[PDB]
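Taking it in order: structure first as structure tokens, then the write-up.
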Amino acid sequence: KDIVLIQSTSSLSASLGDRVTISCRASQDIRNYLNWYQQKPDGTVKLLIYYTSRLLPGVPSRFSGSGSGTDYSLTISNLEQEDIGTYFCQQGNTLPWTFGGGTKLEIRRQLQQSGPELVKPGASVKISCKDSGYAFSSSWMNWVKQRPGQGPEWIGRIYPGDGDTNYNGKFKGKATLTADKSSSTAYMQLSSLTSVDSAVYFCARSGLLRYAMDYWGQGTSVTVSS
């Protein structure tokens, strides 16, 4: 079994200025390889904390991370408006990378992806991700699935340099990852689509830390019609 990540609280509201603390739990000691992403109401994703407690450039100091072994947490010392969205943890100890179920936080009382697609059941789609950055061929391009309400799912990755890939077993016969160095574009084809495939798919890069995706595409929504 892949390491399961749990975020016991899936919905929490609070007032501005409030101290907010979100818990993440792993089914096995993930040796401090734990990250936290923020997804704003518009669906965009961002890596906030990596390796349990390291803030990424530009994150506000009101964010911190704690924990070890199997128990981790994210804390916002005083909630701000821009802090609204959903928070997902993710383990980077063993492939496939797995994410928690997300915690939607509310207030009480370079990666350029292709457009949305609508398809009939059983049809296939090939979507793209153009990276304007200089590390396209020297980084890993990861892909993530997000069904409305569920936690993201790491589908697999590809190293544009030599075309090597690493898939999540669940999507092996489902996804085919390819890239193009001359155009700095990573492609993902999803075959024989079912209603279970309707979702938003993200491309996200990693390089310095293969388990933490620090740059994300805006996401492409694929809908498998009735």
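Numbering (the deposited numbering), first residue to last: 0 to 108, 1003 to 1052, 1052A, 1053 to 1082, 1082A to 1082C, 1083 to 1100, 1100A to 1100B, 1101 to 1113.
Just so it is clear, CB atoms sit at the ideal spot from N, CA and C, and this is done for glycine as well.
Judging by CA-CA distance, which residue of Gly1053, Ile1048 and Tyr1052 is the nearest neighbour of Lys1064? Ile1048
From which residue to which residue does the beta strand (DSSP E) around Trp1033 run? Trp1033 to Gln1039
Are the beta-carbon atoms of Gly84 and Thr1107 separated by less than 8 Å? no
When you compare only the Cα positions, how much space is there between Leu104 and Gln1039? 18 Å
Quick check on this structure: which residue in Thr1068, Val1037, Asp1072 and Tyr1100 has the alpha carbon closest to the alpha carbon of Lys1019? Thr1068
Closest by CA to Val1109, which one among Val1012, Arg1050, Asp1054 and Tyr1079? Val1012
What separation, rounded to the nearest whole angstrom, lies between the Cα atoms of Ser1031 and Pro1052A? 7 Å
Who are the near neighbours of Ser67 in its chain, counting only those whose CB is closer than 7 Å to its CB and skipping five residues on each side? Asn31
N-terminal and C-terminal residue of the beta strand (DSSP E) that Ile2 is part of: Where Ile2 is concerned, there is no enclosing beta strand (DSSP E), given that its DSSP letter is neither H nor E.
Output needed for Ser1017: all residues of its chain with C-beta closer than 8 Å, excluding positions within five of it in sequence on either side, in chain order. When the five nearest sequence neighbours on each side are left out, the beta carbons in the same chain lying within less than 8 Å of the beta carbon of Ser1017 are those of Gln1081, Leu1082, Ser1082A, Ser1082B and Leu1082C, in order along the chain.
Cα-Cα separation, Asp1 to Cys23: 16 Å
State buried or exposed for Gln37, treating a residue as buried only when at least 16 other CB atoms are found within 10 Å of its CB. buried
Leaving out five residues before and five after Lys1066 in sequence, what residues of the same chain have Cβ atoms less than 7 Å from its Cβ? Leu1082 and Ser1082A
What three-state label does DSSP hand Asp70 in the structure shown? strand
Among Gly1061, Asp1056 and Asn1060, which residue has its Cα nearest to the Cα of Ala1071? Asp1056
Strand pairing of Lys1019, partner residues [DSSP]: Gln1081
Can you say whether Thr102 is buried or exposed, counting buried as having 16 or more other CB atoms within 10 angstroms of its CB? buried
Which one of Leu46, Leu1004, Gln89 and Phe87 has the shortest CA to CA distance from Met1034? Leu1004
Could you give the distance in angstroms between the alpha-carbon of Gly1061 and the alpha-carbon of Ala1078? 20 Å
Between which two residues does the beta strand (DSSP E) carrying residue 1114 extend? In the structure displayed, the chain extends from 0 to 1113; residue 1114 sits before or after that span and is not available.
Tell me whether the segment 55–75 and the segment 9–23 touch, counting them as touching only if at least three CB pairs, one residue from each stretch, are closer than 8 Å. yes
Note down, in chain order, each residue of its chain lying with its Cβ closer than 6 Å to the Cβ of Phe1029, except the 5 sequence neighbours on either side. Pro1052A and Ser1076
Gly84 - DSSP class collapsed to helix/strand/coil: strand
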